[PDB]
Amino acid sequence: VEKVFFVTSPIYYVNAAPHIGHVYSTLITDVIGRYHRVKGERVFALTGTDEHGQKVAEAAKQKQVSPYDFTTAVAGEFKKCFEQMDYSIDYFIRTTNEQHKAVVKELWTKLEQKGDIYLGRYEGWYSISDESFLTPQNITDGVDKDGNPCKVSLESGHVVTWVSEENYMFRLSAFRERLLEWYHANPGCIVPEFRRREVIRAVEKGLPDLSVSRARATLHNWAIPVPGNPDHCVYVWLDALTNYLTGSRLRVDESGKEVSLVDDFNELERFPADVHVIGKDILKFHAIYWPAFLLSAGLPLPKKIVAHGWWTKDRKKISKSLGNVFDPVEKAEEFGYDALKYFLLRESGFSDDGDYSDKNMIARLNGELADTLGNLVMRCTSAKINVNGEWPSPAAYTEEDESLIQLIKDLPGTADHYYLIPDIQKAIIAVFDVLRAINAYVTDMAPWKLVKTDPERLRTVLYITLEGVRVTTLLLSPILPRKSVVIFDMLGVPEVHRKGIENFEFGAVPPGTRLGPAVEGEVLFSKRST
């Protein structure tokens, strides 16, 4: 099946300003999208905001403004933040959008016609802050914002409330067996593996039916009405997850505005998602509820859900109320955008709860970006080493030459696999393993000495080095989008050879290609003091 590769981020609640977790999640979405464009594939990358519900509506009452005005302002803050982060996201969706509402109503009606929705009751715990239903085994004792004793979530530590309401219920219990069939028939559909095992364990135990509406008063009427029943509003999560379907059905103009909603997802060839990027906090919604709603509605299921961990700064929680902030724009302005992106993507795998510190950020910038990559780019473009400012023609290869050539030839296949898991950390590590080898080759060959001593040999060493830099850079280009362009310019790589699987091949850029102009004081990654 050739289709549009469809990658998504979560849509974020707009109760508060955008912060590191949102930037991180959308970055991972963006990188995956960028990588597939570089392979020459059609790509649709989606992100946006989750704007209904009690959480958001009560956050707006606290600031004492209209919910329309509140959501519009905060959404604008998210949009501004993502523009500034310099992503290449194809569309930013808002659940307040009138076309999204239509899709939600259409899906609700499908589930109902299917016989999977009945009028019943939820009597149990609920976390407003997570918009999540919880069993008693998943709550514990704690203190509210006044220090009085209350109940809170084991998952998140937010205050839980007891809800007792007549609600429309989805027959999630009926989908246990099909969900298990699905997890087992597609054992790469949840990444990383231990989160996949977590989901299977939970569904093995059995599933209760799920409340998919609430009484309209409880929601302060800030939600989508249930079709045919004005007294109920649709569960914010059913509304929210539907953004993926909505997103798959929107024709978008050149300025990123939605101009049309198509009747059937097949028309745009995006649905279902090839990868849903999510944080571990919302696994159940994506890996249990979502596929159950799709099975009910007769819609195809996503190929992969990837769930990452949470960040800390200096081994402590990130918060404004506590004395520990982490502003990604400010850190990007301080250290550079591609560098900050590299760090967030290199420092932690999706299994781990990663940690930022200025110390570690600088060690990576200095060690990997500057000393390993930057150093190497300057050497092979240097007028002192590359006297003619060109890609030379190689003479015969020694076994050492070939050992390095083999590493460069094998790198794309290996990096490809890692990007497709996805495991962006391993992909980066694989590229830099090859960069380190190219450096050790250059040190071994000492091409500066060869300029006087063996210019024929220098041709070979210099050529292999240029091509190693080009290939490594091509594969890192989803990670370092701006800097890879600079590198390609310095190397003088023609535009055509900067994307496409054709240019994964060793030798795509011919000898005689001229290097780009050298600039007075340019340096690729500027080292920073410790």
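Numbers for residues come from their place in the sequence shown, where the first is 1. So that the term is clear: the rigid core is the largest set of C-alpha atoms that superpose within 1.5 Å between two forms.
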**Asked** Which is farther from the shown form in 9 other deposited structures of this protein in C-alpha RMS with the core fitted, 202-210 or 303-311?
**Response** 303-311
**Prompt:** Between 344-352 and 127-135, where do the CA atoms move more in 9 other deposited structures of this protein, taking the root mean square over the structures and residues after a core fit?
**Reply:** 344-352
**Asked** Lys317: absent from a third or more of the other PDB entries compared?
**Response** yes
**Request:** Take the C-alpha B-factors listed in the entry for 278-286 and for 146-154, compute each mean, and give the stretch with the larger one.
**Result:** 146-154
**Message:** Please compare 160-168 with 323-331 and say which has the higher mean C-alpha temperature factor in the record.
**Reply:** 323-331
**Request:** Could you say which of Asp416, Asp433, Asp314, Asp410 has its CA atom at the highest B factor, as listed in the PDB entry?
**Result:** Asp314
**Deposited CA B-factor, highest of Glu131, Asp338, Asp423, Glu456** = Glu456
**Item:** Assigned third (lowest, middle, highest) for the C-alpha B factor of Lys483
**Value:** middle
**Third assignment of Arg121 from its chain's C-alpha B-factors** = lowest
**Request:** Relative to the other modelled residues of the same chain, rank the CA B-factor of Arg196 and answer lowest, middle or highest third.
**Result:** middle
**Request:** Taking the chain's C-alpha temperature factors as the reference, tell me which third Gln84 falls into: lowest, middle or highest.
**Result:** highest
**Message:** How does the C-alpha B factor of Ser477 compare with the rest of the chain: lowest, middle or highest third?
**Reply:** lowest
